[PDB]
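> I'm passing along my_file.pdb; it holds PDB, N, CA and C atoms.
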ATOM      1  N   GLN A   1      11.055   5.558  -4.124
ATOM      2  CA  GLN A   1      10.610   4.894  -2.856
ATOM      3  C   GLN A   1       9.232   5.346  -2.359
ATOM      4  N   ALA A   2       8.434   5.781  -3.328
ATOM      5  CA  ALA A   2       7.062   6.129  -3.103
ATOM      6  C   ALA A   2       6.203   4.864  -3.162
ATOM      7  N   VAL A   3       6.749   3.748  -3.697
ATOM      8  CA  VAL A   3       6.087   2.395  -3.592
ATOM      9  C   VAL A   3       7.061   1.281  -3.172
ATOM     10  N   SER A   4       6.555   0.167  -2.633
ATOM     11  CA  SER A   4       7.394  -0.984  -2.256
ATOM     12  C   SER A   4       7.875  -1.744  -3.509
ATOM     13  N   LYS A   5       8.920  -2.548  -3.333
ATOM     14  CA  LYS A   5       9.338  -3.502  -4.362
ATOM     15  C   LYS A   5       8.210  -4.438  -4.800
ATOM     16  N   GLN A   6       7.402  -4.906  -3.846
ATOM     17  CA  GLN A   6       6.276  -5.786  -4.158
ATOM     18  C   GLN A   6       5.289  -5.132  -5.110
ATOM     19  N   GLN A   7       4.996  -3.851  -4.887
ATOM     20  CA  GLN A   7       3.934  -3.213  -5.674
ATOM     21  C   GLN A   7       4.424  -3.027  -7.101
ATOM     22  N   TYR A   8       5.669  -2.572  -7.245
ATOM     23  CA  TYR A   8       6.280  -2.530  -8.553
ATOM     24  C   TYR A   8       6.301  -3.940  -9.244
ATOM     25  N   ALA A   9       6.751  -4.975  -8.513
ATOM     26  CA  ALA A   9       6.695  -6.382  -8.970
ATOM     27  C   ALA A   9       5.336  -6.821  -9.521
ATOM     28  N   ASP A  10       4.267  -6.530  -8.786
ATOM     29  CA  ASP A  10       2.927  -6.926  -9.178
ATOM     30  C   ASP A  10       2.525  -6.211 -10.442
ATOM     31  N   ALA A  11       2.831  -4.914 -10.521
ATOM     32  CA  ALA A  11       2.526  -4.130 -11.712
ATOM     33  C   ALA A  11       3.354  -4.633 -12.910
ATOM     34  N   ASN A  12       4.636  -4.904 -12.702
ATOM     35  CA  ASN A  12       5.475  -5.413 -13.775
ATOM     36  C   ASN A  12       5.026  -6.846 -14.277
ATOM     37  N   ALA A  13       4.605  -7.700 -13.338
ATOM     38  CA  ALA A  13       4.053  -9.003 -13.681
ATOM     39  C   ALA A  13       2.812  -8.896 -14.606
ATOM     40  N   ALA A  14       1.845  -8.020 -14.249
ATOM     41  CA  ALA A  14       0.625  -7.844 -15.027
ATOM     42  C   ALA A  14       0.909  -7.374 -16.443
ATOM     43  N   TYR A  15       1.826  -6.426 -16.537
ATOM     44  CA  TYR A  15       2.314  -5.940 -17.806
ATOM     45  C   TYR A  15       2.921  -7.058 -18.698
ATOM     46  N   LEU A  16       3.772  -7.905 -18.104
ATOM     47  CA  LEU A  16       4.417  -9.014 -18.845
ATOM     48  C   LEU A  16       3.398  -9.997 -19.361
ATOM     49  N   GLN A  17       2.398 -10.315 -18.555
ATOM     50  CA  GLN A  17       1.257 -11.124 -19.008
ATOM     51  C   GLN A  17       0.535 -10.540 -20.234
ATOM     52  N   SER A  18       0.280  -9.244 -20.192
ATOM     53  CA  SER A  18      -0.372  -8.506 -21.249
ATOM     54  C   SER A  18       0.450  -8.496 -22.525
ATOM     55  N   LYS A  19       1.731  -8.160 -22.381
ATOM     56  CA  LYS A  19       2.685  -8.215 -23.498
ATOM     57  C   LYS A  19       2.588  -9.566 -24.237
ATOM     58  N   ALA A  20       2.640 -10.653 -23.465
ATOM     59  CA  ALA A  20       2.527 -12.013 -23.966
ATOM     60  C   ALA A  20       1.229 -12.247 -24.691
ATOM     61  N   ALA A  21       0.120 -11.849 -24.050
ATOM     62  CA  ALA A  21      -1.212 -12.085 -24.604
ATOM     63  C   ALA A  21      -1.374 -11.376 -25.973
ATOM     64  N   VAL A  22      -0.761 -10.213 -26.117
ATOM     65  CA  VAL A  22      -0.821  -9.470 -27.355
ATOM     66  C   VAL A  22      -0.143 -10.235 -28.476
ATOM     67  N   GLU A  23       1.083 -10.681 -28.199
ATOM     68  CA  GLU A  23       1.894 -11.345 -29.173
ATOM     69  C   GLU A  23       1.230 -12.632 -29.659
ATOM     70  N   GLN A  24       0.658 -13.425 -28.754
ATOM     71  CA  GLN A  24      -0.034 -14.616 -29.230
ATOM     72  C   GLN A  24      -1.235 -14.196 -30.084
ATOM     73  N   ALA A  25      -1.993 -13.175 -29.635
ATOM     74  CA  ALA A  25      -3.236 -12.788 -30.306
ATOM     75  C   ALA A  25      -2.962 -12.258 -31.669
ATOM     76  N   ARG A  26      -1.854 -11.542 -31.820
ATOM     77  CA  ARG A  26      -1.378 -11.050 -33.096
ATOM     78  C   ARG A  26      -1.112 -12.194 -34.104
ATOM     79  N   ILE A  27      -0.557 -13.296 -33.590
ATOM     80  CA  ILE A  27      -0.180 -14.400 -34.453
ATOM     81  C   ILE A  27      -1.442 -15.086 -34.964
ATOM     82  N   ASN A  28      -2.355 -15.407 -34.056
ATOM     83  CA  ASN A  28      -3.653 -15.969 -34.422
ATOM     84  C   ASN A  28      -4.459 -15.139 -35.416
ATOM     85  N   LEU A  29      -4.453 -13.830 -35.225
ATOM     86  CA  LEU A  29      -5.112 -12.941 -36.154
ATOM     87  C   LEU A  29      -4.473 -13.081 -37.533
ATOM     88  N   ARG A  30      -3.135 -13.066 -37.591
ATOM     89  CA  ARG A  30      -2.383 -13.218 -38.859
ATOM     90  C   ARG A  30      -2.783 -14.519 -39.596
ATOM     91  N   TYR A  31      -3.011 -15.589 -38.841
ATOM     92  CA  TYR A  31      -3.378 -16.849 -39.430
ATOM     93  C   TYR A  31      -4.803 -16.923 -40.004
ATOM     94  N   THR A  32      -5.596 -15.838 -39.909
ATOM     95  CA  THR A  32      -6.983 -15.923 -40.401
ATOM     96  C   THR A  32      -6.981 -15.831 -41.942
ATOM     97  N   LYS A  33      -5.947 -15.172 -42.481
ATOM     98  CA  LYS A  33      -5.646 -15.153 -43.897
ATOM     99  C   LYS A  33      -4.817 -16.385 -44.292
ATOM    100  N   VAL A  34      -5.465 -17.462 -44.740
ATOM    101  CA  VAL A  34      -4.746 -18.639 -45.199
ATOM    102  C   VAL A  34      -4.099 -18.356 -46.551
ATOM    103  N   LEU A  35      -2.764 -18.379 -46.590
ATOM    104  CA  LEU A  35      -1.998 -17.960 -47.781
ATOM    105  C   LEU A  35      -1.392 -19.112 -48.550
ATOM    106  N   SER A  36      -1.135 -18.856 -49.823
ATOM    107  CA  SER A  36      -0.393 -19.796 -50.680
ATOM    108  C   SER A  36       1.086 -19.889 -50.284
ATOM    109  N   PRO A  37       1.536 -21.087 -49.941
ATOM    110  CA  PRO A  37       2.985 -21.318 -49.671
ATOM    111  C   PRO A  37       3.832 -21.112 -50.954
ATOM    112  N   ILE A  38       3.277 -21.408 -52.146
ATOM    113  CA  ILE A  38       4.021 -21.358 -53.442
ATOM    114  C   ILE A  38       3.193 -20.754 -54.602
ATOM    115  N   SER A  39       3.876 -20.346 -55.670
ATOM    116  CA  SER A  39       3.228 -20.041 -56.941
ATOM    117  C   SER A  39       2.948 -21.361 -57.668
ATOM    118  N   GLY A  40       1.789 -21.489 -58.310
ATOM    119  CA  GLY A  40       1.427 -22.714 -59.022
ATOM    120  C   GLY A  40      -0.059 -22.791 -59.349
ATOM    121  N   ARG A  41      -0.468 -23.917 -59.921
ATOM    122  CA  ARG A  41      -1.864 -24.204 -60.153
ATOM    123  C   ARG A  41      -2.440 -24.855 -58.916
ATOM    124  N   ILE A  42      -3.335 -24.122 -58.248
ATOM    125  CA  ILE A  42      -4.177 -24.690 -57.171
ATOM    126  C   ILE A  42      -5.256 -25.559 -57.773
ATOM    127  N   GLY A  43      -5.679 -26.593 -57.067
ATOM    128  CA  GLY A  43      -6.723 -27.481 -57.580
ATOM    129  C   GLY A  43      -8.099 -27.129 -57.029
ATOM    130  N   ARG A  44      -8.808 -28.164 -56.573
ATOM    131  CA  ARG A  44     -10.102 -28.027 -55.914
ATOM    132  C   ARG A  44      -9.988 -27.732 -54.399
ATOM    133  N   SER A  45     -10.958 -26.982 -53.869
ATOM    134  CA  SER A  45     -11.084 -26.835 -52.437
ATOM    135  C   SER A  45     -11.746 -28.063 -51.824
ATOM    136  N   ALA A  46     -11.116 -28.660 -50.820
ATOM    137  CA  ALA A  46     -11.705 -29.753 -50.057
ATOM    138  C   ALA A  46     -12.683 -29.177 -49.035
ATOM    139  N   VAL A  47     -12.844 -27.862 -49.082
ATOM    140  CA  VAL A  47     -13.583 -27.147 -48.075
ATOM    141  C   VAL A  47     -14.505 -26.155 -48.771
ATOM    142  N   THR A  48     -15.744 -26.086 -48.282
ATOM    143  CA  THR A  48     -16.755 -25.144 -48.798
ATOM    144  C   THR A  48     -16.891 -23.980 -47.818
ATOM    145  N   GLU A  49     -17.131 -22.779 -48.354
ATOM    146  CA  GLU A  49     -17.450 -21.611 -47.541
ATOM    147  C   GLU A  49     -18.439 -21.982 -46.417
ATOM    148  N   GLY A  50     -18.213 -21.427 -45.230
ATOM    149  CA  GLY A  50     -19.056 -21.747 -44.094
ATOM    150  C   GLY A  50     -18.682 -23.031 -43.376
ATOM    151  N   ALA A  51     -17.733 -23.803 -43.899
ATOM    152  CA  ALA A  51     -17.276 -24.970 -43.120
ATOM    153  C   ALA A  51     -16.347 -24.603 -41.918
ATOM    154  N   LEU A  52     -16.318 -25.498 -40.931
ATOM    155  CA  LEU A  52     -15.450 -25.405 -39.778
ATOM    156  C   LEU A  52     -14.093 -26.058 -40.025
ATOM    157  N   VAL A  53     -13.016 -25.276 -39.884
ATOM    158  CA  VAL A  53     -11.624 -25.786 -39.927
ATOM    159  C   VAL A  53     -10.974 -25.693 -38.550
TER     160      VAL A  53
ATOM    161  N   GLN B   1      13.160  -1.438   1.003
ATOM    162  CA  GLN B   1      12.036  -1.059   0.135
ATOM    163  C   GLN B   1      10.855  -2.033   0.199
ATOM    164  N   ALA B   2      10.648  -2.615   1.372
ATOM    165  CA  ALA B   2       9.490  -3.454   1.627
ATOM    166  C   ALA B   2       8.310  -2.592   2.060
ATOM    167  N   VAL B   3       8.591  -1.331   2.448
ATOM    168  CA  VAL B   3       7.510  -0.357   2.629
ATOM    169  C   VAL B   3       7.970   0.938   1.953
ATOM    170  N   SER B   4       7.028   1.777   1.527
ATOM    171  CA  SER B   4       7.355   3.094   1.010
ATOM    172  C   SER B   4       7.825   4.064   2.103
ATOM    173  N   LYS B   5       8.316   5.232   1.674
ATOM    174  CA  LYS B   5       8.706   6.307   2.636
ATOM    175  C   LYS B   5       7.538   6.950   3.344
ATOM    176  N   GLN B   6       6.395   7.034   2.665
ATOM    177  CA  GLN B   6       5.175   7.511   3.286
ATOM    178  C   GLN B   6       4.765   6.591   4.431
ATOM    179  N   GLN B   7       4.943   5.287   4.258
ATOM    180  CA  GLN B   7       4.420   4.361   5.270
ATOM    181  C   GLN B   7       5.252   4.503   6.503
ATOM    182  N   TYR B   8       6.559   4.553   6.305
ATOM    183  CA  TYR B   8       7.461   4.752   7.385
ATOM    184  C   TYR B   8       7.247   6.144   8.111
ATOM    185  N   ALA B   9       7.145   7.209   7.318
ATOM    186  CA  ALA B   9       6.819   8.525   7.858
ATOM    187  C   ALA B   9       5.562   8.491   8.754
ATOM    188  N   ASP B  10       4.510   7.780   8.301
ATOM    189  CA  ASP B  10       3.256   7.691   9.053
ATOM    190  C   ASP B  10       3.418   6.902  10.365
ATOM    191  N   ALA B  11       4.245   5.863  10.338
ATOM    192  CA  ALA B  11       4.482   5.012  11.487
ATOM    193  C   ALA B  11       5.316   5.824  12.513
ATOM    194  N   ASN B  12       6.362   6.484  12.032
ATOM    195  CA  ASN B  12       7.161   7.412  12.832
ATOM    196  C   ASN B  12       6.371   8.587  13.504
ATOM    197  N   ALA B  13       5.450   9.200  12.759
ATOM    198  CA  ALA B  13       4.548  10.217  13.282
ATOM    199  C   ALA B  13       3.601   9.703  14.380
ATOM    200  N   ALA B  14       3.091   8.470  14.230
ATOM    201  CA  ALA B  14       2.158   7.877  15.188
ATOM    202  C   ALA B  14       2.912   7.534  16.471
ATOM    203  N   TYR B  15       4.161   7.106  16.293
ATOM    204  CA  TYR B  15       5.014   6.784  17.399
ATOM    205  C   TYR B  15       5.309   8.054  18.207
ATOM    206  N   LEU B  16       5.679   9.115  17.487
ATOM    207  CA  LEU B  16       5.996  10.378  18.149
ATOM    208  C   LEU B  16       4.781  11.001  18.820
ATOM    209  N   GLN B  17       3.615  10.869  18.215
ATOM    210  CA  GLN B  17       2.395  11.258  18.909
ATOM    211  C   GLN B  17       2.228  10.480  20.210
ATOM    212  N   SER B  18       2.570   9.181  20.184
ATOM    213  CA  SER B  18       2.479   8.329  21.385
ATOM    214  C   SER B  18       3.395   8.790  22.493
ATOM    215  N   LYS B  19       4.639   9.085  22.168
ATOM    216  CA  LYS B  19       5.582   9.673  23.142
ATOM    217  C   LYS B  19       4.950  10.886  23.823
ATOM    218  N   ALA B  20       4.343  11.771  23.028
ATOM    219  CA  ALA B  20       3.794  12.993  23.555
ATOM    220  C   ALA B  20       2.622  12.700  24.463
ATOM    221  N   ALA B  21       1.894  11.632  24.168
ATOM    222  CA  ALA B  21       0.702  11.352  24.940
ATOM    223  C   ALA B  21       1.042  10.680  26.271
ATOM    224  N   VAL B  22       2.088   9.874  26.296
ATOM    225  CA  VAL B  22       2.544   9.308  27.553
ATOM    226  C   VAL B  22       3.062  10.402  28.504
ATOM    227  N   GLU B  23       3.806  11.360  27.951
ATOM    228  CA  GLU B  23       4.389  12.398  28.789
ATOM    229  C   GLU B  23       3.295  13.185  29.488
ATOM    230  N   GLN B  24       2.268  13.562  28.738
ATOM    231  CA  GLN B  24       1.182  14.305  29.272
ATOM    232  C   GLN B  24       0.367  13.514  30.313
ATOM    233  N   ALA B  25       0.157  12.213  30.072
ATOM    234  CA  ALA B  25      -0.522  11.392  31.030
ATOM    235  C   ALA B  25       0.335  11.242  32.305
ATOM    236  N   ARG B  26       1.639  11.099  32.176
ATOM    237  CA  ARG B  26       2.516  10.984  33.344
ATOM    238  C   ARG B  26       2.390  12.218  34.270
ATOM    239  N   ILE B  27       2.446  13.383  33.651
ATOM    240  CA  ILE B  27       2.262  14.659  34.295
ATOM    241  C   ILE B  27       0.917  14.779  35.039
ATOM    242  N   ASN B  28      -0.201  14.610  34.325
ATOM    243  CA  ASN B  28      -1.497  14.538  35.006
ATOM    244  C   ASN B  28      -1.515  13.610  36.212
ATOM    245  N   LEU B  29      -0.881  12.476  36.091
ATOM    246  CA  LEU B  29      -0.972  11.502  37.128
ATOM    247  C   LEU B  29      -0.093  11.957  38.333
ATOM    248  N   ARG B  30       1.020  12.612  38.056
ATOM    249  CA  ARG B  30       1.841  13.134  39.144
ATOM    250  C   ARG B  30       1.048  14.214  39.921
ATOM    251  N   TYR B  31       0.392  15.126  39.222
ATOM    252  CA  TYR B  31      -0.450  16.086  39.892
ATOM    253  C   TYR B  31      -1.609  15.581  40.722
ATOM    254  N   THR B  32      -1.900  14.275  40.751
ATOM    255  CA  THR B  32      -3.019  13.895  41.631
ATOM    256  C   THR B  32      -2.621  13.916  43.120
ATOM    257  N   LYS B  33      -1.315  13.934  43.384
ATOM    258  CA  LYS B  33      -0.739  14.120  44.725
ATOM    259  C   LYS B  33      -0.422  15.597  44.893
ATOM    260  N   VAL B  34      -1.274  16.314  45.605
ATOM    261  CA  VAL B  34      -1.091  17.749  45.672
ATOM    262  C   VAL B  34      -0.113  17.994  46.890
ATOM    263  N   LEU B  35       0.973  18.711  46.622
ATOM    264  CA  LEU B  35       2.160  18.818  47.517
ATOM    265  C   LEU B  35       2.284  20.204  48.112
ATOM    266  N   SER B  36       2.886  20.299  49.297
ATOM    267  CA  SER B  36       3.157  21.601  49.913
ATOM    268  C   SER B  36       4.344  22.247  49.201
ATOM    269  N   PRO B  37       4.180  23.468  48.716
ATOM    270  CA  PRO B  37       5.314  24.167  48.047
ATOM    271  C   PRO B  37       6.448  24.480  49.072
ATOM    272  N   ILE B  38       6.094  24.718  50.337
ATOM    273  CA  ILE B  38       7.091  25.058  51.386
ATOM    274  C   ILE B  38       6.824  24.381  52.721
ATOM    275  N   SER B  39       7.877  24.376  53.543
ATOM    276  CA  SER B  39       7.771  24.039  54.966
ATOM    277  C   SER B  39       7.131  25.218  55.685
ATOM    278  N   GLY B  40       6.164  24.940  56.549
ATOM    279  CA  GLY B  40       5.633  26.008  57.358
ATOM    280  C   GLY B  40       4.401  25.469  58.016
ATOM    281  N   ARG B  41       3.609  26.378  58.552
ATOM    282  CA  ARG B  41       2.302  26.037  59.050
ATOM    283  C   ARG B  41       1.158  26.197  58.046
ATOM    284  N   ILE B  42       0.318  25.157  58.007
ATOM    285  CA  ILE B  42      -0.873  25.225  57.203
ATOM    286  C   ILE B  42      -2.088  25.527  58.058
ATOM    287  N   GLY B  43      -3.016  26.325  57.523
ATOM    288  CA  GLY B  43      -4.234  26.602  58.165
ATOM    289  C   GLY B  43      -5.366  25.619  57.856
ATOM    290  N   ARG B  44      -6.558  26.196  57.647
ATOM    291  CA  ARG B  44      -7.757  25.527  57.205
ATOM    292  C   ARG B  44      -7.679  25.122  55.737
ATOM    293  N   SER B  45      -8.190  23.951  55.439
ATOM    294  CA  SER B  45      -8.460  23.554  54.065
ATOM    295  C   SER B  45      -9.670  24.332  53.550
ATOM    296  N   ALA B  46      -9.562  25.069  52.464
ATOM    297  CA  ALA B  46     -10.782  25.702  51.854
ATOM    298  C   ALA B  46     -11.649  24.687  51.066
ATOM    299  N   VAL B  47     -11.173  23.469  50.949
ATOM    300  CA  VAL B  47     -11.840  22.475  50.113
ATOM    301  C   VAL B  47     -12.050  21.222  50.952
ATOM    302  N   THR B  48     -13.238  20.636  50.938
ATOM    303  CA  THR B  48     -13.406  19.357  51.655
ATOM    304  C   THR B  48     -13.082  18.138  50.851
ATOM    305  N   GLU B  49     -12.940  17.042  51.540
ATOM    306  CA  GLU B  49     -12.936  15.759  50.879
ATOM    307  C   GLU B  49     -14.231  15.613  50.075
ATOM    308  N   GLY B  50     -14.125  14.894  48.957
ATOM    309  CA  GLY B  50     -15.213  14.708  48.064
ATOM    310  C   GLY B  50     -15.454  15.904  47.204
ATOM    311  N   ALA B  51     -14.743  17.005  47.438
ATOM    312  CA  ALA B  51     -14.986  18.163  46.599
ATOM    313  C   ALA B  51     -14.369  17.962  45.235
ATOM    314  N   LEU B  52     -14.902  18.731  44.296
ATOM    315  CA  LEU B  52     -14.387  18.846  42.959
ATOM    316  C   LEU B  52     -13.366  19.970  42.823
ATOM    317  N   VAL B  53     -12.211  19.729  42.211
ATOM    318  CA  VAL B  53     -11.306  20.829  41.919
ATOM    319  C   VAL B  53     -11.038  20.884  40.437
TER     320      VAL B  53
END
Take the structure from the file and write it as structure tokens.

Amino acid sequence: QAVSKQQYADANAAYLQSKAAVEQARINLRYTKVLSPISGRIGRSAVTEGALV
Amino acid sequence: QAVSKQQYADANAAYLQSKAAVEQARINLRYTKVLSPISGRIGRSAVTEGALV
């Protein structure tokens, strides 16, 4: 009881936002490595280095 | 828990200071009527009107 319920609430809210932001950012980072879904013969790239995807 | 214990302690302390300050002001104000301690004969006033005491 050294702080109000509100102050704890506000601090807990900010934390939950941060937790969320991390998890999304982690997923996007993981997607920077475009991986093969299967083993097989890959063909031609429809995309050249330096292109925007 | 809408306020902390410190906040309440501080409000309680300010209130109690107020009680003490009213009592002292009441006392000062009662003393502006200077009263005879006993029945008897009074002589000369050693102090005039308009004097400082």
> Just say which residues the ChimeraX specification (/A :<5) & /B picks in this file, as a list in words.
residues 1, 2, 3, 4 and 5 of chain B
> Quick check for you: according to DSSP on this backbone, which residues of chain A are classed as helix (DSSP H, G or I)? Reply as a list in words.
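Filtering chain A down to helix (DSSP H, G or I) leaves residues 5, 6, 7, 8, 9, 10, 11, 12, 13, 14, 15, 16, 17, 18, 19, 20, 21, 22, 23, 24, 25, 26, 27, 28, 29 and 30 of chain A.
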> Can you give me chain B superposed onto chain A, least-squares on all Cα in order, written as a compact mmCIF listing (two decimals) with N, CA and C atoms, in the coordinates of the input?

# COMPACT_ATOMS: atom_id res chain seq x y z
N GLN B 1 10.24 5.28 -2.98
CA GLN B 1 9.62 4.46 -1.93
C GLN B 1 8.16 4.84 -1.65
N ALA B 2 7.46 5.27 -2.69
CA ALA B 2 6.04 5.53 -2.60
C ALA B 2 5.26 4.25 -2.85
N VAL B 3 5.93 3.22 -3.41
CA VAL B 3 5.35 1.88 -3.45
C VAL B 3 6.45 0.91 -3.01
N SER B 4 6.07 -0.25 -2.48
CA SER B 4 7.03 -1.30 -2.17
C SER B 4 7.59 -1.98 -3.43
N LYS B 5 8.60 -2.82 -3.23
CA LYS B 5 9.17 -3.64 -4.35
C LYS B 5 8.24 -4.72 -4.85
N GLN B 6 7.43 -5.28 -3.95
CA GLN B 6 6.41 -6.23 -4.34
C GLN B 6 5.40 -5.58 -5.27
N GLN B 7 5.05 -4.33 -5.02
CA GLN B 7 3.97 -3.72 -5.80
C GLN B 7 4.47 -3.50 -7.19
N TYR B 8 5.68 -2.99 -7.29
CA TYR B 8 6.30 -2.79 -8.55
C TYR B 8 6.52 -4.14 -9.34
N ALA B 9 7.06 -5.14 -8.65
CA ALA B 9 7.20 -6.47 -9.23
C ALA B 9 5.87 -6.99 -9.83
N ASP B 10 4.75 -6.79 -9.09
CA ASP B 10 3.44 -7.25 -9.54
C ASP B 10 2.94 -6.47 -10.78
N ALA B 11 3.24 -5.18 -10.83
CA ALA B 11 2.82 -4.31 -11.92
C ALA B 11 3.65 -4.70 -13.17
N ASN B 12 4.96 -4.85 -12.99
CA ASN B 12 5.86 -5.35 -14.03
C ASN B 12 5.49 -6.75 -14.63
N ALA B 13 5.12 -7.70 -13.76
CA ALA B 13 4.62 -9.00 -14.18
C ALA B 13 3.32 -8.95 -14.99
N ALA B 14 2.39 -8.05 -14.61
CA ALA B 14 1.10 -7.92 -15.29
C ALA B 14 1.32 -7.29 -16.66
N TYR B 15 2.28 -6.37 -16.72
CA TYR B 15 2.63 -5.72 -17.95
C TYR B 15 3.23 -6.75 -18.92
N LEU B 16 4.16 -7.55 -18.40
CA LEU B 16 4.81 -8.56 -19.23
C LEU B 16 3.84 -9.64 -19.68
N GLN B 17 2.91 -10.02 -18.83
CA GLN B 17 1.83 -10.89 -19.28
C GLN B 17 1.06 -10.27 -20.43
N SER B 18 0.82 -8.95 -20.35
CA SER B 18 0.10 -8.22 -21.42
C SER B 18 0.84 -8.25 -22.74
N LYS B 19 2.13 -7.99 -22.72
CA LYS B 19 2.97 -8.12 -23.93
C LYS B 19 2.76 -9.49 -24.57
N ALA B 20 2.78 -10.55 -23.75
CA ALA B 20 2.68 -11.89 -24.26
C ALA B 20 1.32 -12.13 -24.86
N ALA B 21 0.30 -11.47 -24.31
CA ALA B 21 -1.04 -11.73 -24.78
C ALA B 21 -1.34 -10.99 -26.08
N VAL B 22 -0.76 -9.81 -26.25
CA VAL B 22 -0.89 -9.11 -27.52
C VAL B 22 -0.21 -9.89 -28.66
N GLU B 23 0.98 -10.43 -28.38
CA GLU B 23 1.72 -11.13 -29.42
C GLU B 23 0.92 -12.31 -29.94
N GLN B 24 0.35 -13.08 -29.02
CA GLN B 24 -0.42 -14.22 -29.38
C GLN B 24 -1.71 -13.86 -30.14
N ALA B 25 -2.38 -12.77 -29.73
CA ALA B 25 -3.54 -12.32 -30.44
C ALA B 25 -3.15 -11.83 -31.85
N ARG B 26 -2.04 -11.14 -31.99
CA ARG B 26 -1.59 -10.67 -33.30
C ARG B 26 -1.41 -11.85 -34.29
N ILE B 27 -0.73 -12.87 -33.82
CA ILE B 27 -0.51 -14.11 -34.52
C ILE B 27 -1.82 -14.79 -34.97
N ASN B 28 -2.70 -15.11 -34.02
CA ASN B 28 -4.03 -15.61 -34.39
C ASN B 28 -4.72 -14.78 -35.47
N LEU B 29 -4.60 -13.48 -35.38
CA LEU B 29 -5.33 -12.65 -36.27
C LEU B 29 -4.66 -12.69 -37.68
N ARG B 30 -3.34 -12.81 -37.71
CA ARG B 30 -2.66 -12.93 -39.00
C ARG B 30 -3.09 -14.25 -39.69
N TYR B 31 -3.12 -15.35 -38.95
CA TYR B 31 -3.62 -16.59 -39.51
C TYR B 31 -5.05 -16.63 -40.02
N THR B 32 -5.85 -15.57 -39.86
CA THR B 32 -7.20 -15.71 -40.44
C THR B 32 -7.20 -15.57 -41.97
N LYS B 33 -6.10 -15.03 -42.51
CA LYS B 33 -5.84 -14.96 -43.96
C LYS B 33 -4.98 -16.16 -44.33
N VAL B 34 -5.60 -17.17 -44.91
CA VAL B 34 -4.86 -18.39 -45.15
C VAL B 34 -4.19 -18.20 -46.57
N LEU B 35 -2.87 -18.39 -46.61
CA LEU B 35 -2.00 -17.98 -47.75
C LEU B 35 -1.45 -19.19 -48.49
N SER B 36 -1.17 -19.02 -49.78
CA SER B 36 -0.53 -20.09 -50.56
C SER B 36 0.95 -20.16 -50.19
N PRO B 37 1.42 -21.33 -49.80
CA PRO B 37 2.87 -21.48 -49.46
C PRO B 37 3.75 -21.28 -50.73
N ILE B 38 3.24 -21.65 -51.91
CA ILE B 38 4.01 -21.54 -53.18
C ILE B 38 3.18 -21.05 -54.35
N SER B 39 3.91 -20.60 -55.38
CA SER B 39 3.34 -20.35 -56.70
C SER B 39 3.09 -21.69 -57.38
N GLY B 40 1.93 -21.86 -57.98
CA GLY B 40 1.71 -23.06 -58.75
C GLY B 40 0.25 -23.10 -59.08
N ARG B 41 -0.19 -24.26 -59.51
CA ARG B 41 -1.60 -24.51 -59.68
C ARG B 41 -2.30 -25.14 -58.47
N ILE B 42 -3.46 -24.56 -58.15
CA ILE B 42 -4.29 -25.12 -57.12
C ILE B 42 -5.43 -25.92 -57.72
N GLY B 43 -5.79 -27.03 -57.08
CA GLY B 43 -6.90 -27.81 -57.46
C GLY B 43 -8.23 -27.40 -56.82
N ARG B 44 -8.98 -28.43 -56.42
CA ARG B 44 -10.21 -28.33 -55.66
C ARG B 44 -9.96 -27.93 -54.22
N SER B 45 -10.83 -27.08 -53.70
CA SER B 45 -10.90 -26.83 -52.27
C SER B 45 -11.52 -28.05 -51.58
N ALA B 46 -10.86 -28.66 -50.62
CA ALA B 46 -11.53 -29.75 -49.83
C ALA B 46 -12.52 -29.20 -48.78
N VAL B 47 -12.59 -27.90 -48.65
CA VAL B 47 -13.39 -27.28 -47.60
C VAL B 47 -14.29 -26.24 -48.25
N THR B 48 -15.57 -26.22 -47.92
CA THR B 48 -16.42 -25.14 -48.46
C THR B 48 -16.46 -23.89 -47.63
N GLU B 49 -16.95 -22.84 -48.22
CA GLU B 49 -17.32 -21.68 -47.46
C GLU B 49 -18.33 -22.09 -46.38
N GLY B 50 -18.27 -21.39 -45.25
CA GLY B 50 -19.09 -21.68 -44.13
C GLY B 50 -18.60 -22.86 -43.36
N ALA B 51 -17.58 -23.56 -43.84
CA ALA B 51 -17.11 -24.70 -43.09
C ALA B 51 -16.33 -24.25 -41.88
N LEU B 52 -16.26 -25.17 -40.92
CA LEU B 52 -15.44 -25.05 -39.75
C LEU B 52 -14.04 -25.63 -39.94
N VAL B 53 -12.98 -24.91 -39.58
CA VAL B 53 -11.66 -25.52 -39.59
C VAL B 53 -11.05 -25.45 -38.22
> Could you jot down the CA of residue 27 (chain B) to CA of residue 10 (chain B) separation for me, Å, one decimal place?
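Spanning CA of residue 27 (chain B) to CA of residue 10 (chain B) is a straight-line distance of 26.2 Å.
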> Record the distance separating CA of residue 36 (chain A) and atom N of residue 21 (chain A), expressed in Å with one decimal.
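Value for the CA of residue 36 (chain A)-atom N of residue 21 (chain A) distance: 27.8 Å.
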> Hey, could you pull the box centre and edge lengths for region 41-53 of chain A, axis-aligned, 8 Å padding per side, all listed atoms, to one decimal in Å, as JSON?

{"center_x": -9.8, "center_y": -25.6, "center_z": -49.4, "size_x": 34.6, "size_y": 24.3, "size_z": 37.6}
> Tell me, in Å to one decimal, how far CA of residue 38 (chain A) is from CA of residue 26 (chain A).
23.4 Å
